[PDB]
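Take a look at this one chain, the form deposited in one PDB entry, written out in structure tokens.
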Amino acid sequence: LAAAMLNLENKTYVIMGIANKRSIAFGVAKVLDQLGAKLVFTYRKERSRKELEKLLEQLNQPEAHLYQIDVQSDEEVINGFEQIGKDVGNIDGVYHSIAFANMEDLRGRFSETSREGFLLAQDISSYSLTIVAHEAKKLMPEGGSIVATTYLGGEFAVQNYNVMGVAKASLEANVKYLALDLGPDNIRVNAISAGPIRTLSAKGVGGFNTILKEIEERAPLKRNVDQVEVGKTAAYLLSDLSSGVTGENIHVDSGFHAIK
């Protein structure tokens, strides 16, 4: 009004990991756009470029700056972020919403996990944050905010989660280490731990429907969450409201983290 203490209006954020309209990264987009932020979107699959194009109705007026980045490729993220920088100039944060593991590994007994599948999960689900934070920083000379999305399975052993649990525990340590390293550069680093939400990747998690229902009967709030509730915490964490907050993990999960 200005209740720009948010300060996020006419600042630019990069949102990585929109697949389709149920993507967590999409509820983030929706909430930042509404608050006046300029947005740059990166994707891996050509199908996700098409959904982005159709999705950007909504309020951003170019492009909304659609770049192709596979986090497995050092080259693609170095050169993707260099190009963002040349095309829109400097950046104020990044929302990271990228994970992957093989369906077979997740199914599927943990002690049987292959080396390639263990390491693939760490590659895409954890390390990607680290090169991404490194390349993005370059476009952030007076600081900024990076936010990654995690699951309670990085903190506790959860039934069908297997190798992804381990990849999230690793993501979560990566966040604190990036926070200590990038803090003197006025960069904040944080995670949202989201409750379960029906998305494209979610149907690769076994017993997914049973866990929805557990939150419903068991979480403090006796409901589950949606993408725009994550988006609203992303907005806090990306804004100046979270000024004093780094290395932290915010559960947007109806309070399930706090119970039994």
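Definition used throughout: the rigid core is the maximal C-alpha set that superposes within 1.5 Å between two forms. All residue numbers refer to positions in the sequence shown, first residue = 1.
One more form of this protein should be noted, the form deposited in another entry, which is absent from this view; the next part is about it.
Practice task
With the two forms aligned on their rigid core, point out which item of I69, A64, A37, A235 shifts its C-alpha by 2 Å or more between the shown form and the other one.
Solution key: Only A64 moves by 2 Å or more at its C-alpha.
Exercise for the section: Verify the C-alpha shift of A169 between the shown form and the other one: is it 2 Å or more after superposing the core? Expected result: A169 C-alpha, core-superposed: shift of 2 Å or more.
Practice task
Regarding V166 and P220, go with closer or farther for their CA spacing in the other form versus this form, the difference being 3 Å or more.
Solution key: Distance between the C-alphas of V166 and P220: shorter in the other form, by 3 Å or more.
Exercise for the section: Over in the other structure, so in the other form, do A169 and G17 pull closer or drift farther apart at the C-alpha level? The difference is 3 angstroms or more. Expected result: The answer is farther, because the C-alphas of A169 and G17 separate from each other in the other form by 3 Å or more.
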